[PDB]
Structure formats: structure tokens, C-alpha cells
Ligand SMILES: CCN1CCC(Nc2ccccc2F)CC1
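Have a look below at one chain only, the form deposited without the ligand, in C-alpha cells format.
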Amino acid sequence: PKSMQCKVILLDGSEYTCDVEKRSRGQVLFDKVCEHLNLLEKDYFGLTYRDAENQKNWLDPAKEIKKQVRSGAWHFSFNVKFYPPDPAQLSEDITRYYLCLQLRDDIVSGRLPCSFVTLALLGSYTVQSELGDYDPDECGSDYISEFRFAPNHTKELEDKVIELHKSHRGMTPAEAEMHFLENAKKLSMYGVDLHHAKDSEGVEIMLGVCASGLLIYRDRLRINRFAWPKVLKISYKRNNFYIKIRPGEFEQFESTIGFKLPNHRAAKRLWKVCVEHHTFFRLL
């Protein structure tokens, strides 16, 4: 029985190596990684790989790994797939911990924009969780943390993290992580998966997929939101992605909004993440 070496980038930035049989489905590898992480609330997470066009793809746990990675390396990342709107409802602290690590990367990467004050507050909870109570002995007037907090660090930001850290004395890691999440969950881009697209006129937009529905990001005076219930069907054809939008009560017919994606693979990717989000948040 022939086994393939898998390398998985974990949310702490470390690399986990394991083997699976070469005809293994994604679920096999995912189960191994989750056991390694002592993670039980697995439904919110997934593995990603980079395709031949270097796009992030979710590893489908139901399909053979080899038919997804195809010509590429068996190299993956462990990631949050479904960001819970209410992380306080998660059963386990360790689930909230992995969600925090994901969100820290979302912030540093600039995928999750955040005000100065919220960057400093989130950073102050991370420090409290990781180091415990504020200590002046490690932190002088010239202190810069090893913790990456933001896409662009300033001395201002470092000072504000310390000021807020001082206020968190006696806070345990689980408590600090829960505060981190109570703040992060409110950010307008929390758990929004963004896709580049053109509207039916050829104007460049962004489509965002998240718990509440589908968002269209245009000129920035116009953001359209379609709650999952208002979305009757989702489809793709060639480079095109279509959503059918329910009639307003006493309307005879549904409306169709068409979008142009970069290529067929990008349209299929968007369709699959929309279907998955619609199912997940319909049931949650």
C-alpha cells in the first residue's frame, strides 16, 4: 500500500508532516491534522492547497487528494473555512484558540481591515493570552513586541498595545481569547471570502461570501447584500456566475444577476464556496 508524504502549514506557522495512502480522500488527511491539533469542533475548518494557477482551493474531504492537487505538491494549509458569527457559542476553548490564530493572520495579511484602536485592542488580548499579566521588566519606553499585530506596524501601535495590556491584569488565556473574538466578530470584513469579478456591464466588483449571505462591493457608495434566504439558486457556466434573487412579495418572477469571473476555474470555485456557505449557515 503506497503512501504519500503530506506537509501542512499549521496556524502557529509550524509545518506538520504525515503520510496517507496515495488514493486517500481529503477527509483522511484532515482527520490526522485535527487529531494532531486536539481539535474536536472540526466542522469550522478545512485544508487549502495552491493550484497550478497558484489560487487557494479548499481540499474537498469527499474526493481523492490526488485528483485535486493533480500535478502539484502535497502541500496544504490548515484554515478556518466557516467563521462562526457567535464564537462564544463554540463548545471548546481550543476551537476559539485556533479561530484567534486564523484571525491574527487575517489581520496581519490585510484580508481583515481594522482601525488603529481595534488593532491595538486585539493585539493587547493576544499578548495577555500569550504572556499573561503586563510586566514592565520586558517592556521599556522603546518596546517592540515579537507579535505581528497589523499589516503595517508603528511605534504608536506598539505603545497602544502596551497601554491596553496593562488594563487586562488577571485575565486568563481563554478569557483574553474570548474578548479578542467578541471584538473581531464585529469587523465589517469578518469571515468574508472575497472574489474579484465584473458585473454584467464589465465594471470591476468584489463578491464577498460569508455567514449572512453574498455581498457585492462596487464604487463604495453602493454595497448590495443578498441574505442566503433571498438566494434561490447559484450556478456557473463557462466564466460566468449567476445568482437567482427572489421576487419581492407580489412579484411574479425571480431576478438574475450575472457576473464575469477571470476564468472557468474561478467561477466554479466561487459557486462551490457559496453552496458550502449556504448549507453550513442554513444548518448551524
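Here the rigid core means the biggest group of C-alpha atoms that line up within 1.5 Å when the two forms are laid on top of each other. Numbering starts at 1 and runs along the sequence shown.
Of 222-230 and 235-243, the stretch whose C-alpha atoms sit farther from the shown form in 9 other deposited structures of this protein, after fitting on the rigid core, is 222-230. Averaged as a root mean square over residues and superposed structures in 9 other deposited structures of this protein, CA distances to the shown form are larger in 140-148; the pair compared was 193-201 and 140-148 with a core fit. For the pair 223-231 and 57-65, the mean Cα B-factor is higher in 223-231. Note on 30-38 vs 249-257: mean CA B-factor is higher in 249-257. Annotation for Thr95, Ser141, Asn79, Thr126: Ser141 ranks highest, by Cα B-factor.
When the Cα B-factors of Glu130, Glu156, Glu177, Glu163 are read from the PDB record, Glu130 comes out highest. Placement of the Cα temperature factor of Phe149 within the chain: middle third of the modelled residues, per the deposited record. In the deposited entry, the Cα temperature factor of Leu122 sits in the bottom third of values across the chain's modelled residues.
Ranked within its chain, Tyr44 lands in the lowest third, by CA B factor from the PDB record. Ranked by C-alpha B-factor against the other modelled residues of its chain, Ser212 falls in the highest third. Among all modelled residues in this chain, the alpha-carbon of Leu90 has a temperature factor (C-alpha) in the lowest third.
Separately, the form solved in complex with the ligand exists; it is not shown, and the next lines address it.
Figure legend: unbound chain with the ligand modelled from its position in the deposited bound form by local C-alpha superposition. Site open, with zero ligand atoms within 2.4 Å of backbone or C-beta atoms. At a distance threshold of 4.5 angstroms between non-hydrogen atoms, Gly213 is in contact with the ligand in the deposited bound form. Contact annotation for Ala52: none of its heavy atoms lies within 4.5 Å of the ligand in the deposited bound form. In the deposited bound form, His36 stays away from the ligand, with no heavy atom inside 4.5 Å. Remark: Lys160 does not count among the residues lining the ligand in the deposited bound form, judged by a heavy atom distance of 4.5 Å or less. A heavy atom within 4.5 Å of the ligand in the deposited bound form is found for one listed residue only; from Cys139, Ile94, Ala150, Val192, this is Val192. Looking at 183-206, the residues that come within 4.5 Å of the ligand in the deposited bound form, counting any heavy atom, are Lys185, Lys186, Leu187, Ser188, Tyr190, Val192.
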